[PDB]
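Enquirer: Enclosed is the structure file work.pdb (PDB, C-alpha atoms).
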ATOM      1  CA  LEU A   1      -7.044   8.198   6.202  1.00  0.00           C
ATOM      2  CA  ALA A   2      -3.271   8.572   5.876  1.00  0.00           C
ATOM      3  CA  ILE A   3      -1.924   6.465   2.956  1.00  0.00           C
ATOM      4  CA  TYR A   4       1.385   5.324   1.495  1.00  0.00           C
ATOM      5  CA  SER A   5       1.785   8.232  -0.910  1.00  0.00           C
TER       6      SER A   5
ATOM      7  CA  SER B   1      -8.133   6.535  -3.249  1.00  0.00           C
ATOM      8  CA  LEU B   2      -5.481   7.247  -0.620  1.00  0.00           C
ATOM      9  CA  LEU B   3      -8.393   7.906   1.758  1.00  0.00           C
ATOM     10  CA  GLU B   4      -9.780   4.323   1.774  1.00  0.00           C
ATOM     11  CA  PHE B   5      -6.357   2.642   1.586  1.00  0.00           C
ATOM     12  CA  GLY B   6      -5.180   4.640   4.569  1.00  0.00           C
ATOM     13  CA  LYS B   7      -8.210   3.584   6.597  1.00  0.00           C
ATOM     14  CA  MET B   8      -7.419  -0.044   5.762  1.00  0.00           C
ATOM     15  CA  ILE B   9      -3.795   0.397   6.764  1.00  0.00           C
ATOM     16  CA  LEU B  10      -4.799   1.821  10.139  1.00  0.00           C
ATOM     17  CA  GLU B  11      -7.391  -0.916  10.669  1.00  0.00           C
ATOM     18  CA  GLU B  12      -4.902  -3.705   9.847  1.00  0.00           C
ATOM     19  CA  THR B  13      -1.697  -2.331  11.387  1.00  0.00           C
ATOM     20  CA  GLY B  14      -2.808   0.101  14.070  1.00  0.00           C
ATOM     21  CA  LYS B  16      -0.430   2.586  12.432  1.00  0.00           C
ATOM     22  CA  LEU B  17      -1.372   5.765  10.549  1.00  0.00           C
ATOM     23  CA  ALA B  18      -0.397   5.195   6.908  1.00  0.00           C
ATOM     24  CA  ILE B  19       1.116   8.681   6.908  1.00  0.00           C
ATOM     25  CA  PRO B  20       3.840   8.985   8.192  1.00  0.00           C
ATOM     26  CA  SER B  21       4.448   5.295   9.042  1.00  0.00           C
ATOM     27  CA  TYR B  22       4.301   3.942   5.466  1.00  0.00           C
ATOM     28  CA  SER B  23       4.661   7.095   3.348  1.00  0.00           C
ATOM     29  CA  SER B  24       8.471   7.385   3.237  1.00  0.00           C
ATOM     30  CA  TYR B  25       9.331   3.757   3.902  1.00  0.00           C
ATOM     31  CA  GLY B  26      12.053   2.016   1.937  1.00  0.00           C
ATOM     32  CA  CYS B  27      12.298   2.328  -1.828  1.00  0.00           C
ATOM     33  CA  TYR B  28       8.679   1.649  -2.766  1.00  0.00           C
ATOM     34  CA  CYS B  29       6.434   2.935   0.034  1.00  0.00           C
ATOM     35  CA  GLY B  30       6.124   6.464  -1.290  1.00  0.00           C
ATOM     36  CA  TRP B  31       6.283   7.967  -4.778  1.00  0.00           C
ATOM     37  CA  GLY B  32       9.604   6.401  -5.743  1.00  0.00           C
ATOM     38  CA  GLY B  33       9.769   3.473  -8.116  1.00  0.00           C
ATOM     39  CA  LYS B  34      13.093   1.663  -8.257  1.00  0.00           C
ATOM     40  CA  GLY B  35      15.814  -0.435  -6.702  1.00  0.00           C
ATOM     41  CA  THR B  36      15.620  -3.622  -4.681  1.00  0.00           C
ATOM     42  CA  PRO B  37      12.903  -3.507  -1.997  1.00  0.00           C
ATOM     43  CA  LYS B  38      14.587  -3.211   1.419  1.00  0.00           C
ATOM     44  CA  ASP B  39      12.504  -5.803   3.289  1.00  0.00           C
ATOM     45  CA  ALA B  40       9.134  -7.587   3.427  1.00  0.00           C
ATOM     46  CA  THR B  41       7.183  -4.400   4.153  1.00  0.00           C
ATOM     47  CA  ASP B  42       8.909  -2.662   1.245  1.00  0.00           C
ATOM     48  CA  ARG B  43       8.042  -5.601  -1.021  1.00  0.00           C
ATOM     49  CA  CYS B  44       4.408  -5.097   0.011  1.00  0.00           C
ATOM     50  CA  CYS B  45       4.571  -1.647  -1.553  1.00  0.00           C
ATOM     51  CA  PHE B  46       6.355  -3.046  -4.614  1.00  0.00           C
ATOM     52  CA  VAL B  47       3.521  -5.523  -5.199  1.00  0.00           C
ATOM     53  CA  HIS B  48       1.019  -2.730  -4.592  1.00  0.00           C
ATOM     54  CA  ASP B  49       2.639  -0.615  -7.323  1.00  0.00           C
ATOM     55  CA  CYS B  50       2.506  -3.583  -9.691  1.00  0.00           C
ATOM     56  CA  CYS B  51      -1.203  -4.112  -8.936  1.00  0.00           C
ATOM     57  CA  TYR B  52      -2.092  -0.423  -9.564  1.00  0.00           C
ATOM     58  CA  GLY B  53       0.211  -0.610 -12.561  1.00  0.00           C
ATOM     59  CA  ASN B  54      -2.045  -3.253 -14.043  1.00  0.00           C
ATOM     60  CA  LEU B  55      -5.149  -1.072 -13.770  1.00  0.00           C
ATOM     61  CA  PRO B  56      -4.461   1.125 -16.880  1.00  0.00           C
ATOM     62  CA  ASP B  59      -8.156   1.703 -17.459  1.00  0.00           C
ATOM     63  CA  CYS B  61      -8.503   3.173 -13.955  1.00  0.00           C
ATOM     64  CA  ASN B  67      -7.556   5.958 -11.541  1.00  0.00           C
ATOM     65  CA  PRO B  68      -6.273   4.183  -8.374  1.00  0.00           C
ATOM     66  CA  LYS B  69      -5.277   7.202  -6.269  1.00  0.00           C
ATOM     67  CA  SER B  70      -8.440   9.225  -6.889  1.00  0.00           C
ATOM     68  CA  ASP B  71     -11.361   6.867  -7.527  1.00  0.00           C
ATOM     69  CA  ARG B  72     -13.387   6.499  -4.318  1.00  0.00           C
ATOM     70  CA  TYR B  73     -14.662   3.036  -3.458  1.00  0.00           C
ATOM     71  CA  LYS B  74     -16.501   1.453  -0.562  1.00  0.00           C
ATOM     72  CA  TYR B  75     -15.859  -1.627   1.577  1.00  0.00           C
ATOM     73  CA  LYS B  76     -16.742  -3.148   4.948  1.00  0.00           C
ATOM     74  CA  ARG B  77     -15.537  -5.624   7.556  1.00  0.00           C
ATOM     75  CA  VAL B  78     -17.293  -8.963   8.012  1.00  0.00           C
ATOM     76  CA  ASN B  79     -16.033 -11.232  10.810  1.00  0.00           C
ATOM     77  CA  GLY B  80     -12.914  -9.104  11.102  1.00  0.00           C
ATOM     78  CA  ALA B  81     -11.915  -9.482   7.451  1.00  0.00           C
ATOM     79  CA  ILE B  82     -12.002  -6.665   4.894  1.00  0.00           C
ATOM     80  CA  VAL B  83     -14.748  -7.115   2.305  1.00  0.00           C
ATOM     81  CA  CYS B  84     -14.726  -5.032  -0.855  1.00  0.00           C
ATOM     82  CA  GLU B  85     -18.272  -3.881  -1.647  1.00  0.00           C
ATOM     83  CA  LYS B  86     -19.464  -3.972  -5.236  1.00  0.00           C
ATOM     84  CA  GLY B  88     -18.847  -0.829  -7.233  1.00  0.00           C
ATOM     85  CA  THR B  89     -17.568  -0.338 -10.758  1.00  0.00           C
ATOM     86  CA  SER B  90     -15.005  -2.775 -12.142  1.00  0.00           C
ATOM     87  CA  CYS B  91     -12.280  -0.260 -11.315  1.00  0.00           C
ATOM     88  CA  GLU B  92     -13.561   0.303  -7.781  1.00  0.00           C
ATOM     89  CA  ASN B  93     -13.499  -3.402  -6.936  1.00  0.00           C
ATOM     90  CA  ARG B  94     -10.067  -3.957  -8.474  1.00  0.00           C
ATOM     91  CA  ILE B  95      -8.569  -0.907  -6.759  1.00  0.00           C
ATOM     92  CA  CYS B  96     -10.123  -2.007  -3.450  1.00  0.00           C
ATOM     93  CA  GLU B  97      -8.594  -5.473  -3.865  1.00  0.00           C
ATOM     94  CA  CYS B  98      -5.133  -4.070  -4.589  1.00  0.00           C
ATOM     95  CA  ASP B  99      -5.378  -2.008  -1.373  1.00  0.00           C
ATOM     96  CA  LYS B 100      -6.717  -4.933   0.689  1.00  0.00           C
ATOM     97  CA  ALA B 101      -3.802  -7.135  -0.367  1.00  0.00           C
ATOM     98  CA  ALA B 102      -1.287  -4.456   0.649  1.00  0.00           C
ATOM     99  CA  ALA B 103      -2.947  -3.581   3.981  1.00  0.00           C
ATOM    100  CA  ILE B 104      -2.913  -7.240   4.966  1.00  0.00           C
ATOM    101  CA  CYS B 105       0.646  -7.654   3.680  1.00  0.00           C
ATOM    102  CA  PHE B 106       1.731  -4.808   5.980  1.00  0.00           C
ATOM    103  CA  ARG B 107       0.131  -6.490   9.009  1.00  0.00           C
ATOM    104  CA  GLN B 108       1.573  -9.912   8.222  1.00  0.00           C
ATOM    105  CA  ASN B 109       5.036  -8.338   8.240  1.00  0.00           C
ATOM    106  CA  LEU B 110       4.751  -5.837  11.111  1.00  0.00           C
ATOM    107  CA  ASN B 111       7.079  -8.397  12.607  1.00  0.00           C
ATOM    108  CA  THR B 112       9.986  -7.054  10.559  1.00  0.00           C
ATOM    109  CA  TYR B 113       9.049  -3.393  10.174  1.00  0.00           C
ATOM    110  CA  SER B 114      12.264  -1.389  10.771  1.00  0.00           C
ATOM    111  CA  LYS B 115      12.377   2.237  11.845  1.00  0.00           C
ATOM    112  CA  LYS B 116      15.679   2.657   9.993  1.00  0.00           C
ATOM    113  CA  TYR B 117      13.848   2.484   6.661  1.00  0.00           C
ATOM    114  CA  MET B 118      11.588   5.413   7.512  1.00  0.00           C
ATOM    115  CA  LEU B 119      12.370   8.696   5.708  1.00  0.00           C
ATOM    116  CA  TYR B 120      14.505   6.613   3.319  1.00  0.00           C
ATOM    117  CA  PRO B 121      16.530   8.710   0.787  1.00  0.00           C
ATOM    118  CA  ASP B 122      15.431   7.917  -2.777  1.00  0.00           C
ATOM    119  CA  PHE B 124      18.962   8.259  -4.152  1.00  0.00           C
ATOM    120  CA  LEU B 125      19.826   5.080  -2.243  1.00  0.00           C
ATOM    121  CA  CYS B 126      17.439   3.250  -4.596  1.00  0.00           C
ATOM    122  CA  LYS B 127      18.621   2.563  -8.149  1.00  0.00           C
ATOM    123  CA  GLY B 128      17.744   0.038 -10.829  1.00  0.00           C
ATOM    124  CA  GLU B 129      14.450  -0.978 -12.391  1.00  0.00           C
ATOM    125  CA  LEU B 130      12.785  -4.062 -10.935  1.00  0.00           C
ATOM    126  CA  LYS B 131      10.206  -5.274 -13.454  1.00  0.00           C
ATOM    127  CA  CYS B 133       6.777  -6.443 -12.259  1.00  0.00           C
TER     128      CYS B 133
END
Go ahead and express the file in the form of structure tokens.
Expert:
Amino acid sequence: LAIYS
Amino acid sequence: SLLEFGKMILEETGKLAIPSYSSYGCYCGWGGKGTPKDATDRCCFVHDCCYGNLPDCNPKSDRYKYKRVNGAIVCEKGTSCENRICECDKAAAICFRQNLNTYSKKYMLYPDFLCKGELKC
């Protein structure tokens, strides 16, 4: 899932 | 990796990690300096420090597994690195939820040049 890059 | 952490973030905050927490403040992204802007930003700071203390590992790429038991995240049992990386992510995901209260849109897409100075872990 989307993450804090 | 970013895959598991993002799932946790969605689960705990109801927000998609990208783009909600991928350009937030000074530490929720790739940047690494300056005074965290708020509580959410400090969550990312602490997360960097946690990953920063896993020298023997590969945080962003190593895949791990976990599951929810009674509504609370439970890191399964993988390699030492997998369990430690999972824990670092769990702590951040929960930190984000605890502070949704003060999440500010104005810190989204935050310019990195506005962040200067090293803040030691």
Enquirer: What residues in chain B lie within 9 Å of chain A, counting only C-alpha atoms, written as a PDB file with C-alpha atoms, in the coordinates of the input?
Expert:
ATOM      1  CA  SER B   1      -8.133   6.535  -3.249  1.00  0.00           C
ATOM      2  CA  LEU B   2      -5.481   7.247  -0.620  1.00  0.00           C
ATOM      3  CA  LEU B   3      -8.393   7.906   1.758  1.00  0.00           C
ATOM      4  CA  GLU B   4      -9.780   4.323   1.774  1.00  0.00           C
ATOM      5  CA  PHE B   5      -6.357   2.642   1.586  1.00  0.00           C
ATOM      6  CA  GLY B   6      -5.180   4.640   4.569  1.00  0.00           C
ATOM      7  CA  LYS B   7      -8.210   3.584   6.597  1.00  0.00           C
ATOM      8  CA  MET B   8      -7.419  -0.044   5.762  1.00  0.00           C
ATOM      9  CA  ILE B   9      -3.795   0.397   6.764  1.00  0.00           C
ATOM     10  CA  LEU B  10      -4.799   1.821  10.139  1.00  0.00           C
ATOM     11  CA  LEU B  17      -1.372   5.765  10.549  1.00  0.00           C
ATOM     12  CA  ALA B  18      -0.397   5.195   6.908  1.00  0.00           C
ATOM     13  CA  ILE B  19       1.116   8.681   6.908  1.00  0.00           C
ATOM     14  CA  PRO B  20       3.840   8.985   8.192  1.00  0.00           C
ATOM     15  CA  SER B  21       4.448   5.295   9.042  1.00  0.00           C
ATOM     16  CA  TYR B  22       4.301   3.942   5.466  1.00  0.00           C
ATOM     17  CA  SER B  23       4.661   7.095   3.348  1.00  0.00           C
ATOM     18  CA  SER B  24       8.471   7.385   3.237  1.00  0.00           C
ATOM     19  CA  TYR B  25       9.331   3.757   3.902  1.00  0.00           C
ATOM     20  CA  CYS B  29       6.434   2.935   0.034  1.00  0.00           C
ATOM     21  CA  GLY B  30       6.124   6.464  -1.290  1.00  0.00           C
ATOM     22  CA  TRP B  31       6.283   7.967  -4.778  1.00  0.00           C
ATOM     23  CA  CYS B  45       4.571  -1.647  -1.553  1.00  0.00           C
ATOM     24  CA  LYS B  69      -5.277   7.202  -6.269  1.00  0.00           C
TER      25      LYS B  69
END
Enquirer: Atom CA of residue 67 of chain B to atom CA of residue 34 of chain B: how many Å, to one decimal?
Expert: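 Atom CA of residue 67 of chain B sits 21.3 Å away from atom CA of residue 34 of chain B.
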Enquirer: Would you work out the distance separating atom CA of residue 96 of chain B from atom CA of residue 110 of chain B, expressed in Å to one decimal?
Expert: 21.2 Å
Enquirer: Leaving out residue 130 of chain B and any residue of its chain fewer than 5 positions from it, which residues lie within 9 Å of it when counting all atoms listed in the file, given as a CSV table (one decimal) with C-alpha atoms, in the coordinates of the input?
Expert:
chain,number,residue,atom,x,y,z
B,33,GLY,CA,9.8,3.5,-8.1
B,34,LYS,CA,13.1,1.7,-8.3
B,35,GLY,CA,15.8,-0.4,-6.7
B,36,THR,CA,15.6,-3.6,-4.7
B,37,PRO,CA,12.9,-3.5,-2.0
Enquirer: I need the residue set behind the PyMOL selection byres ((chain B and resi 61) around 12) for this file; please write it as a ChimeraX atom specification.
Expert: /B:1,51-56,59,67-72,89-96
Enquirer: How many Å lie between atom CA of residue 115 of chain B and atom CA of residue 26 of chain B, rounded to one decimal?
Expert: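 If I compute the distance from atom CA of residue 115 of chain B to atom CA of residue 26 of chain B, I get 9.9 Å.
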Enquirer: Provide an axis-aligned box for all listed atoms of chain A, padding each side by 5 Å; report its centre and its edge lengths in Å to one decimal, as JSON.
Expert:
{"center_x": -2.6, "center_y": 6.9, "center_z": 2.6, "size_x": 18.8, "size_y": 13.2, "size_z": 17.1}
Enquirer: Could you pull the residues within 9 Å of segment 39-43 of chain B, counting all atoms listed in the file, minus those fewer than 4 positions along the same chain, as a CSV table (one decimal) with C-alpha atoms, in the coordinates of the input?
Expert:
chain,number,residue,atom,x,y,z
B,22,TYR,CA,4.3,3.9,5.5
B,25,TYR,CA,9.3,3.8,3.9
B,26,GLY,CA,12.1,2.0,1.9
B,27,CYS,CA,12.3,2.3,-1.8
B,28,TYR,CA,8.7,1.6,-2.8
B,29,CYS,CA,6.4,2.9,0.0
B,47,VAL,CA,3.5,-5.5,-5.2
B,48,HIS,CA,1.0,-2.7,-4.6
B,105,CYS,CA,0.6,-7.7,3.7
B,106,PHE,CA,1.7,-4.8,6.0
B,107,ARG,CA,0.1,-6.5,9.0
B,108,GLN,CA,1.6,-9.9,8.2
B,109,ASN,CA,5.0,-8.3,8.2
B,110,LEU,CA,4.8,-5.8,11.1
B,112,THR,CA,10.0,-7.1,10.6
B,113,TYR,CA,9.0,-3.4,10.2
B,114,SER,CA,12.3,-1.4,10.8
B,117,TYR,CA,13.8,2.5,6.7
Enquirer: For each of B:97, B:49, B:32, B:76, take the minimum atom-to-atom distance to residue 120 of chain B, counting only C-alpha atoms, then give the residue where this is smallest.
Expert: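 Distance minimum relative to residue 120 of chain B lands on B:32.
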Enquirer: Restore N, CA, C and O atoms in chain A and list the result as a PDB file, keeping the file's coordinate frame.
Expert:
ATOM      1  N   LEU A   1      -8.101   8.334   5.167  1.00  0.00           N
ATOM      2  CA  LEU A   1      -7.044   8.198   6.202  1.00  0.00           C
ATOM      3  C   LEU A   1      -5.669   8.301   5.543  1.00  0.00           C
ATOM      4  O   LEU A   1      -5.545   8.235   4.317  1.00  0.00           O
ATOM      5  N   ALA A   2      -4.640   8.473   6.365  1.00  0.00           N
ATOM      6  CA  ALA A   2      -3.271   8.572   5.876  1.00  0.00           C
ATOM      7  C   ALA A   2      -3.034   7.382   4.951  1.00  0.00           C
ATOM      8  O   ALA A   2      -3.592   6.323   5.186  1.00  0.00           O
ATOM      9  N   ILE A   3      -2.214   7.548   3.913  1.00  0.00           N
ATOM     10  CA  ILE A   3      -1.924   6.465   2.956  1.00  0.00           C
ATOM     11  C   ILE A   3      -0.423   6.406   2.639  1.00  0.00           C
ATOM     12  O   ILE A   3       0.333   7.275   3.067  1.00  0.00           O
ATOM     13  N   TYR A   4       0.007   5.384   1.917  1.00  0.00           N
ATOM     14  CA  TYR A   4       1.385   5.324   1.495  1.00  0.00           C
ATOM     15  C   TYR A   4       1.416   6.056   0.150  1.00  0.00           C
ATOM     16  O   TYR A   4       1.128   5.477  -0.891  1.00  0.00           O
ATOM     17  N   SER A   5       1.734   7.326   0.238  1.00  0.00           N
ATOM     18  CA  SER A   5       1.785   8.232  -0.910  1.00  0.00           C
ATOM     19  C   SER A   5       2.497   7.654  -2.119  1.00  0.00           C
ATOM     20  O   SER A   5       2.889   6.490  -2.124  1.00  0.00           O
TER      21      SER A   5
END
